[PDB]
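Residue numbers (the entry's author numbering), protein chains in the order written: chain I, 99 to 146; chain D, 79 to 156.
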């Protein structure tokens, strides 16, 4: 019964896995763009 | 000096833009163009222009000798 309840909870959590992964990818892309811009600015400043 | 101040202002503006809109990926490419400006920067602010004025100072060098000649004039007064 505990195993079946855990499987049901995992299924209920994965029911929104598509939206979860989409939002995570959007956040990761935004953070990567921000980090890339900051790194480019810092590299240009250090070079100059 | 005005161009350096403008470059600093533009760098501050680009930093503010990257903090406000970080989707720019070509900004670093402009740094490559700075290399061209770096060529001009090869004679920017430190230790190359005064030498040219030293050319005129070359004449003044002989004037310094004339100053010594001024002291030599005292020998004539002797």
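In this text, a Cβ means the ideal position worked out from N, Cα and C, and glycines have one as well.
| Check | Outcome |
| --- | --- |
| Proximity test, residue 104 of chain D beta-carbon vs the ligand NAP heavy atom, cut-off 7 Å | Because no ligand of any kind appears in the structure shown, any question about the ligand NAP cannot be addressed here. |
| Residue 96 of chain D burial status per 10 Å Cβ neighbour count (16 or more: buried) | buried |
| Backbone secondary structure at residue 129 of chain D - three-state DSSP | helix |
| Separation of residue 135 of chain I from residue 99 of chain I, as counted between CA atoms | 52 Å |
| Contact set between residue 142 of chain I and chain D, taken where Cβ atoms lie within less than 9 Å | 89, 92, 105, 106, 108, 109, 112 |
| CA-to-CA distance, residue 131 of chain I to residue 80 of chain D, given in whole angstroms | 32 Å |
| Chain I contact for residue 96 of chain D (CB, 8 Å cutoff) | yes |
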